[PDB]
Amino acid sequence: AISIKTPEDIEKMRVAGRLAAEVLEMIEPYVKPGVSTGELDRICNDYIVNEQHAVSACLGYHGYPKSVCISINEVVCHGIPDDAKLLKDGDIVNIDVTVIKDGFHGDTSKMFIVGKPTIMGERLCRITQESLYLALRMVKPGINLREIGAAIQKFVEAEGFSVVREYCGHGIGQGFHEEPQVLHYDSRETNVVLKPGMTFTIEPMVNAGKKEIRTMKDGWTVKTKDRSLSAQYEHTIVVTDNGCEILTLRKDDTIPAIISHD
């Protein structure tokens, strides 16, 4: 079932959350044309282990071979870092990090634009982030998760894009992927009322083209069926008494860390 975090649990999540956020802040300068994704993965891993004294939740999870997930352009999610995959001007890339500290998980991701952005690329990233922010602003006790997925969907579709159905947000804590499943679209199947102390991620994947996706033979990599660009952003949050707190907020986020309702 859905686990409710204690205040002590929450304090541990703030640390793990901030650690994950920090890897993203740190890597930025390395994201440039000509760098390989395998190299970004090594830099991230070194930092996590050697400086942070933490651990990557990804390494070995169901056999996942690397420390972070790096998805370029049409890759939806779960792209596997590789020494052979070099970044080019105009690429949009997602770096998804999940760190474990004192047994608690922190899961977050953001898009990076390599070199000179393309119009589509910039637009897609922006809209994707806005859709995540919109959802964040709605979080509060008593509301049904269904409403959030529906708002994201309506927003995204209104902008001419599509939302991926298959992958979604999830509870997180001592476990990497806990209940509940956080859908990024409107579904009659969803019936979950939020309560304070719940911790979960929101991580909408938006496609410039059609919603359909396909899983690669590697068993992890996900791509759009039509090869259109896909973007994603992710934050880990905790439901509070009058709103929410964003555990993985970064210096470049433009949303406040604590959102209060009244």
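Residue numbers here begin at 1 and follow the sequence given. Basically, rigid core = biggest C-alpha set you can superpose within 1.5 Å across the two forms.
K.L.:
Core-superposed in 6 other deposited structures of this protein, which stretch deviates more in Cα positions, 38 to 46 or 214 to 222?
P.N.:
Farther on average in 6 other deposited structures of this protein: 214 to 222.
K.L.:
Where do the C-alpha atoms have the higher mean temperature factor in this entry, in 85 to 93 or in 104 to 112?
P.N.:
Higher mean C-alpha B-factor in the PDB entry: 85 to 93.
K.L.:
Averaging the C-alpha B factors as listed in the entry, name the stretch that ends up higher: 139 to 147 or 120 to 128.
P.N.:
Here the higher of the two C-alpha B-factor means belongs to 139 to 147.
K.L.:
At the C-alpha atoms, which of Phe200, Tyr30, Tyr64, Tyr233 reaches the highest B-factor in this entry?
P.N.:
Answer, based on the entry's C-alpha B-factors: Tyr64.
K.L.:
If you check the C-alpha B-factor for each of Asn73, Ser187, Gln153, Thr98 in the entry, which is highest?
P.N.:
When the deposited C-alpha B-factors of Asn73, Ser187, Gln153, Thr98 are compared, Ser187 is largest.
K.L.:
Is the Cα B-factor recorded for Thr221 in the lowest, middle or highest third of its chain?
P.N.:
Highest third, going by the recorded CA B-factors of the chain.
K.L.:
Test of reading the entry: by CA B factor among the chain's modelled residues, which third contains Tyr167?
P.N.:
According to the entry, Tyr167 has a C-alpha B-factor in the chain's highest third.
K.L.:
Can you tell me whether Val182 has a C-alpha B-factor in the lowest, middle or highest third compared with the other modelled residues of the same chain?
P.N.:
It falls in the middle third of the chain.
K.L.:
Quick one: classify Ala158 as lowest, middle or highest third of the chain based on its Cα B-factor.
P.N.:
Middle third, going by the recorded CA B-factors of the chain.
K.L.:
Looking at the entry's B-factor column for C-alpha atoms only, identify whether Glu212 ranks in the lowest, middle or highest third of its chain.
P.N.:
Top third by C-alpha B-factor.
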